[PDB]
Amino acid sequence: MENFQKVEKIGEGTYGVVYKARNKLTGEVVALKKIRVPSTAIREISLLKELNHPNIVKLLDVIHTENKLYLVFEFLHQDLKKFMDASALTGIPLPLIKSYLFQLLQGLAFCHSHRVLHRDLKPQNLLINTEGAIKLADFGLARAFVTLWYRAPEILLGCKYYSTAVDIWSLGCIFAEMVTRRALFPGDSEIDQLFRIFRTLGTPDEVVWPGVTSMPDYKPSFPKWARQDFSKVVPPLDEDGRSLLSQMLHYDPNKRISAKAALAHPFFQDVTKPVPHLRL
Ligand SMILES: Cn1cnc2c(NCc3ccccc3)nc(NCCO)nc21
């Protein structure tokens, strides 16, 4: 819009291009998102404008002008993906990884309690500040209105009425990635994605996942793989970390751990809030 000096295109995703912009009037630097108009989209958004939390990127303003929608968000200095790319030679220390996951579970727990799902978590929409805080960006736009890597298996198998459990799956995937410095399931197609999950956690069945064989995209023709030990999957992570991850990656959406429950896991017993050395 004309109230902003679009100083840069910091990115672009499923819902449009995001720009680092300065408010011509307030002088503040904000993240301007040009959304790519449904009275309902508008109404879902208004709800999001009102959901505030320390671990959720704040939606400052909604500009519905000339039948166009722009979302104005607070600006954060870096995203997790870039930060991990910088740390790839030494990894993000466990204390920082632990603090980040803890904060992320709090954000998720706040949203999930309001029946708000993200549905598209990935390192790129996790933003961090020099203060050691991390926040979830784009929360709830999915309902208001492409890497398959963090996609929950029930979504891959055709489930249309998915739950908050899809976010815990995504988070578990990210958690593993920070630990090993390599993506857990780097799938290049929905079926490749699905068989990558199967080769590591083993092909699901009625025992571990009752109802699985009746899923829409489920085919009796799927290969049967065996489950690998987690010690081999996330070699560096301790027992507490592995049991937590295990619970986040349960096939059955109803058996997969909740964000609130995860906060009480013994893995977070020695959590602290260290500060990251960011290069801006
Ligand atoms: C809604 N929002 C608030 N701050 C940011 C931010 N800040 C990080 C940032 C700063 C400068 C250049 C690139 C990214 N990055 C992005 N998208 C980046 C994911 O590719 N959106 C943001």
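Yes/no per residue for (1) under 9 Å from the mean Cα position of the chain (by Cα); (2) part of a helix (DSSP H, G or I); (3) outside the structural domain of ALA183 (by CATH):
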| position | (1), (2), (3) |
| --- | --- |
| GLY107 | no, yes, no |
| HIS114 | no, no, no |
| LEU127 | no, no, no |
| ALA142 | no, yes, no |
| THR147 | no, no, no |
| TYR150 | yes, no, no |
| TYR161 | no, no, no |
| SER170 | yes, yes, no |
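Considering only residues in the range 152-175 that are farther than 21 Å from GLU206 by Cα and in contact with a helix residue (DSSP H, G or I) (Cβ under 8 Å, 6 or more places away or on another chain), the one that is surrounded by the fewest Cβ atoms within 10 Å (Cβ to Cβ) turns out to be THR164. Can you name the residue in the range 129-140 that is not in a loop (DSSP other than H, G, I, E, B) and not β-branched (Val, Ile, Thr) and, of all such residues, is farthest from the ligand (Cβ to nearest atom)? That would be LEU136.
The set of residues in the range 76-96 being away from the ligand (no atom under 15 Å from the Cβ), of a type outside the set (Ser, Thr, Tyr) and either within 26 Å of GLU28 (Cα to Cα) or in a helix (DSSP H, G or I) (or both) consists of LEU94, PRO95, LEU96. Consider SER221 carefully, then state whether it is among the small types (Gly, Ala, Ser), surrounded by fewer than 16 Cβ atoms within 10 Å (Cβ to Cβ), out of contact with any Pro (no Cβ under 6 Å at 6 or more places or on another chain) and within 25 Å of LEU117 (Cα to Cα). Taking the combined requirement at face value, the residue does not satisfy it. If the condition is being touching a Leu at 6+ places or on another chain (Cβ under 7 Å) and away from the ligand (no atom under 16 Å from the Cβ), then the range 112-128 contributes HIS114, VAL116. When the residues of the range 45-75 are filtered to those that are more than 13 Å from the ligand (Cβ to nearest atom) and assigned to a loop (DSSP other than H, G, I, E, B), the one that is surrounded by the most Cβ atoms within 10 Å (Cβ to Cβ) is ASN55.
What is reported rests on the model, the rules as stated and the sources as named; none is laboratory data. Quick reminder, even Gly has a Cβ in these numbers, built from the backbone with ideal geometry, and neighbours come from all protein chains shown.
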